[PDB]
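Step one of this worksheet: look at the structure below.
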There are 2 protein chains.
Amino acid sequence: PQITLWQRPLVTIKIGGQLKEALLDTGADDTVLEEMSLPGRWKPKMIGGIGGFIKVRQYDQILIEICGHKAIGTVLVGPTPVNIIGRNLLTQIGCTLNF
Amino acid sequence: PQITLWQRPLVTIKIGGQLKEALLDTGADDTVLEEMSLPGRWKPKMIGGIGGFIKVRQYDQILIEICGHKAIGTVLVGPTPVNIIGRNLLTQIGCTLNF
Ligand SMILES: COc1ccc(S(=O)(=O)N(CC(C)C)C[C@@H](O)[C@H](Cc2ccc(F)cc2)NC(=O)O[C@H]2CCO[C@H]3OCC[C@H]32)cc1
């Protein structure tokens, strides 16, 4: 699909058997999801944004279906205010910016 | 231009007579620039991101040339770690997401 930006670019994702809404975020290097139950091992990490830093759990090789496109990669889980699909996954679904 | 997302989508902007680099950020509602000297009057504001909130100065009706495209609108100035072009200006230069 082609998505204009008059509204937030939200998509429906399926991850860990659950359905969520997430922002397609070209400004985010990594993918960061609100607290949720994800299976398996993880490593603690700290990531920085506009207001400071948050502690997240880093999960590798996680499968996500983003608007019907499958991708596998790192997903950070923690106290983000919004679910964010970052560039590590946007590249896998072939997402580009155009103007 | 079409921009893929294997690297940060940075562009050159001209604002208030100065040249800067800024991130095209579909995840950002508003445009937020690192501390810089802008001429006009302003209004204090607070904005929230992944790690909390920052205090910014709001400047309205600011002209920005973004990769050679002109736009006029609200620019926030304050302690953001990176210059962000948000959707309020991305729409004016016709920027879209495609996958
Ligand atoms: C290494 O991996 C990372 C992955 C993500 C982030 S990051 O902090 O999330 N960030 C990076 C920016 C600062 C370069 C992505 C950005 O898109 C963010 C995404 C987001 C959206 C909504 C939120 F509530 C919180 C975060 N935008 C945002 O801070 O927005 C503020 C200001 C603009 O205007 C408004 O827009 C919405 C809120 C206001 C860092 C590292």
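Note on naming: chains are A, B, ... as they come in the structure tokens, residues start from 1 per chain, ligands start from 1 in the order shown.
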Would you mind listing what lies within 6 Å of range 64-80 of chain B as a PyMOL selection string, with only C-alpha atoms counted and same-chain residues fewer than 4 positions away left out?
(chain A and resi 50) or (chain B and resi 11-15+31-35+56-60+92)
Take the residues from that selection and write them out as a PDB file, in the first residue's frame, keeping N, CA, C and O atoms.
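Printed below is selection_14.pdb as written:
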```pdb
ATOM      1  N   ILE A  50      13.340  11.066  22.940  1.00  0.00           N
ATOM      2  CA  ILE A  50      13.295  12.518  23.045  1.00  0.00           C
ATOM      3  C   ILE A  50      13.393  12.980  24.497  1.00  0.00           C
ATOM      4  O   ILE A  50      14.028  14.005  24.782  1.00  0.00           O
TER       5      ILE A  50
ATOM      6  N   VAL B  11      17.979  14.358   5.665  1.00  0.00           N
ATOM      7  CA  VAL B  11      17.971  15.334   4.584  1.00  0.00           C
ATOM      8  C   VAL B  11      18.596  16.633   5.063  1.00  0.00           C
ATOM      9  O   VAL B  11      18.686  16.904   6.267  1.00  0.00           O
ATOM     10  N   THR B  12      18.999  17.454   4.104  1.00  0.00           N
ATOM     11  CA  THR B  12      19.508  18.775   4.417  1.00  0.00           C
ATOM     12  C   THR B  12      18.349  19.768   4.403  1.00  0.00           C
ATOM     13  O   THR B  12      17.543  19.777   3.466  1.00  0.00           O
ATOM     14  N   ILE B  13      18.273  20.606   5.432  1.00  0.00           N
ATOM     15  CA  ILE B  13      17.224  21.609   5.526  1.00  0.00           C
ATOM     16  C   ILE B  13      17.872  22.974   5.694  1.00  0.00           C
ATOM     17  O   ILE B  13      19.010  23.093   6.168  1.00  0.00           O
ATOM     18  N   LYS B  14      17.150  24.006   5.267  1.00  0.00           N
ATOM     19  CA  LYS B  14      17.542  25.386   5.524  1.00  0.00           C
ATOM     20  C   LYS B  14      16.410  26.051   6.289  1.00  0.00           C
ATOM     21  O   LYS B  14      15.253  26.022   5.851  1.00  0.00           O
ATOM     22  N   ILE B  15      16.740  26.597   7.452  1.00  0.00           N
ATOM     23  CA  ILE B  15      15.751  27.211   8.331  1.00  0.00           C
ATOM     24  C   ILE B  15      16.403  28.389   9.039  1.00  0.00           C
ATOM     25  O   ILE B  15      17.501  28.260   9.594  1.00  0.00           O
ATOM     26  N   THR B  31       7.380  18.759  14.279  1.00  0.00           N
ATOM     27  CA  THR B  31       8.778  18.964  13.921  1.00  0.00           C
ATOM     28  C   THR B  31       9.514  19.546  15.122  1.00  0.00           C
ATOM     29  O   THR B  31       9.052  20.527  15.721  1.00  0.00           O
ATOM     30  N   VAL B  32      10.626  18.918  15.502  1.00  0.00           N
ATOM     31  CA  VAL B  32      11.387  19.296  16.700  1.00  0.00           C
ATOM     32  C   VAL B  32      12.855  19.442  16.326  1.00  0.00           C
ATOM     33  O   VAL B  32      13.495  18.463  15.924  1.00  0.00           O
ATOM     34  N   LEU B  33      13.407  20.638  16.537  1.00  0.00           N
ATOM     35  CA  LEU B  33      14.779  20.952  16.174  1.00  0.00           C
ATOM     36  C   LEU B  33      15.614  21.198  17.423  1.00  0.00           C
ATOM     37  O   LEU B  33      15.121  21.775  18.400  1.00  0.00           O
ATOM     38  N   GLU B  34      16.869  20.745  17.378  1.00  0.00           N
ATOM     39  CA  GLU B  34      17.849  21.029  18.421  1.00  0.00           C
ATOM     40  C   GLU B  34      17.955  22.532  18.658  1.00  0.00           C
ATOM     41  O   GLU B  34      17.570  23.351  17.817  1.00  0.00           O
ATOM     42  N   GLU B  35      18.494  22.890  19.825  1.00  0.00           N
ATOM     43  CA  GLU B  35      18.597  24.295  20.192  1.00  0.00           C
ATOM     44  C   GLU B  35      19.230  25.097  19.062  1.00  0.00           C
ATOM     45  O   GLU B  35      20.265  24.715  18.510  1.00  0.00           O
ATOM     46  N   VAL B  56       9.925  22.715  25.209  1.00  0.00           N
ATOM     47  CA  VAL B  56      10.306  23.286  23.922  1.00  0.00           C
ATOM     48  C   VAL B  56       9.680  24.664  23.764  1.00  0.00           C
ATOM     49  O   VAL B  56       8.691  25.012  24.417  1.00  0.00           O
ATOM     50  N   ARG B  57      10.264  25.445  22.860  1.00  0.00           N
ATOM     51  CA  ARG B  57       9.674  26.700  22.418  1.00  0.00           C
ATOM     52  C   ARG B  57       8.971  26.464  21.092  1.00  0.00           C
ATOM     53  O   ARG B  57       9.573  25.940  20.146  1.00  0.00           O
ATOM     54  N   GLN B  58       7.706  26.848  21.025  1.00  0.00           N
ATOM     55  CA  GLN B  58       6.916  26.671  19.819  1.00  0.00           C
ATOM     56  C   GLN B  58       6.977  27.932  18.965  1.00  0.00           C
ATOM     57  O   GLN B  58       6.631  29.022  19.433  1.00  0.00           O
ATOM     58  N   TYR B  59       7.407  27.777  17.712  1.00  0.00           N
ATOM     59  CA  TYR B  59       7.404  28.853  16.726  1.00  0.00           C
ATOM     60  C   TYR B  59       6.424  28.492  15.617  1.00  0.00           C
ATOM     61  O   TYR B  59       6.539  27.421  15.008  1.00  0.00           O
ATOM     62  N   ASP B  60       5.463  29.370  15.356  1.00  0.00           N
ATOM     63  CA  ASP B  60       4.495  29.122  14.298  1.00  0.00           C
ATOM     64  C   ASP B  60       4.895  29.846  13.020  1.00  0.00           C
ATOM     65  O   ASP B  60       5.683  30.799  13.035  1.00  0.00           O
ATOM     66  N   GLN B  92       3.350  18.508   3.674  1.00  0.00           N
ATOM     67  CA  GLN B  92       3.465  19.640   2.752  1.00  0.00           C
ATOM     68  C   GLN B  92       4.430  19.363   1.611  1.00  0.00           C
ATOM     69  O   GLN B  92       4.309  19.971   0.539  1.00  0.00           O
TER      70      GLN B  92
END
```
From a backbone DSSP assignment, name each residue in chain B labelled strand (DSSP E), as number ranges by chain.
B: 2-3, 10-15, 18-24, 31-33, 43-49, 52-66, 69-77, 84-85, 96-98
Within 8 Å of ligand 1 (counting only C-alpha atoms and all ligand atoms), which residues show up? I'd like them as a PDB file with C-alpha atoms, in the first residue's frame.
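Everything below was put into result16.pdb:
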```pdb
ATOM      1  CA  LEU A  23       3.253   3.074  14.161  1.00  0.00           C
ATOM      2  CA  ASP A  25       8.273   4.938  12.261  1.00  0.00           C
ATOM      3  CA  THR A  26      11.079   5.965   9.877  1.00  0.00           C
ATOM      4  CA  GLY A  27      12.648   7.862  12.776  1.00  0.00           C
ATOM      5  CA  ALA A  28      13.144   4.727  14.871  1.00  0.00           C
ATOM      6  CA  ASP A  29      16.232   2.569  14.309  1.00  0.00           C
ATOM      7  CA  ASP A  30      14.738  -0.316  16.323  1.00  0.00           C
ATOM      8  CA  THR A  31      11.280  -1.772  16.951  1.00  0.00           C
ATOM      9  CA  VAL A  32       9.827  -1.058  20.425  1.00  0.00           C
ATOM     10  CA  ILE A  47      17.406   2.942  24.558  1.00  0.00           C
ATOM     11  CA  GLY A  48      17.192   6.721  24.337  1.00  0.00           C
ATOM     12  CA  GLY A  49      14.519   8.962  22.898  1.00  0.00           C
ATOM     13  CA  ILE A  50      13.295  12.518  23.045  1.00  0.00           C
ATOM     14  CA  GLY A  51      12.770  12.659  26.827  1.00  0.00           C
ATOM     15  CA  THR A  80       7.298   2.995  25.333  1.00  0.00           C
ATOM     16  CA  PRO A  81       4.097   5.087  25.107  1.00  0.00           C
ATOM     17  CA  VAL A  82       3.320   3.648  21.637  1.00  0.00           C
ATOM     18  CA  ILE A  84       6.832   1.442  17.132  1.00  0.00           C
ATOM     19  CA  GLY A  86      11.441   0.724  13.323  1.00  0.00           C
TER      20      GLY A  86
ATOM     21  CA  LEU B  23      15.569  12.999  10.127  1.00  0.00           C
ATOM     22  CA  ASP B  25      10.280  10.915  10.884  1.00  0.00           C
ATOM     23  CA  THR B  26       6.863   9.358  10.138  1.00  0.00           C
ATOM     24  CA  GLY B  27       6.586   8.578  13.849  1.00  0.00           C
ATOM     25  CA  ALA B  28       6.686  12.253  14.819  1.00  0.00           C
ATOM     26  CA  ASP B  29       3.476  14.296  14.798  1.00  0.00           C
ATOM     27  CA  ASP B  30       5.406  17.586  15.030  1.00  0.00           C
ATOM     28  CA  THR B  31       8.778  18.964  13.921  1.00  0.00           C
ATOM     29  CA  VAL B  32      11.387  19.296  16.700  1.00  0.00           C
ATOM     30  CA  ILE B  47       6.089  17.267  24.334  1.00  0.00           C
ATOM     31  CA  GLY B  48       6.380  13.598  25.236  1.00  0.00           C
ATOM     32  CA  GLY B  49       8.473  10.854  23.684  1.00  0.00           C
ATOM     33  CA  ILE B  50       9.917   7.482  24.547  1.00  0.00           C
ATOM     34  CA  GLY B  51      11.758   8.536  27.733  1.00  0.00           C
ATOM     35  CA  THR B  80      15.755  16.909  21.374  1.00  0.00           C
ATOM     36  CA  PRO B  81      18.786  14.666  20.694  1.00  0.00           C
ATOM     37  CA  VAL B  82      18.207  14.867  16.909  1.00  0.00           C
ATOM     38  CA  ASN B  83      16.532  17.228  14.465  1.00  0.00           C
ATOM     39  CA  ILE B  84      13.199  15.647  13.496  1.00  0.00           C
ATOM     40  CA  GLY B  86       7.449  15.513  11.621  1.00  0.00           C
TER      41      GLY B  86
END
```
Å distance separating CA of residue 95 in chain B from CA of residue 61 in chain B, one decimal place
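Calculated distance between CA of residue 95 in chain B and CA of residue 61 in chain B is 19.6 Å.
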Mind pulling up the distance from CA of residue 89 in chain B to CA of residue 20 in chain A?
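Atom-to-atom, CA of residue 20 in chain A to CA of residue 89 in chain B, that is 27.6 Å.
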Write down as a ChimeraX atom specification the residues belonging to chain A that are assigned alpha helix (DSSP H) by DSSP computed on the backbone.
/A:87-90
Just give me the gap between CA of residue 91 in chain B and CA of residue 8 in chain B in Å, one decimal is fine.
19.1 Å
Nearest-residue call for chain B, choices A:38, A:63, A:46, A:93, using only C-alpha atoms
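Among the listed residues, A:93 lies closest to chain B.
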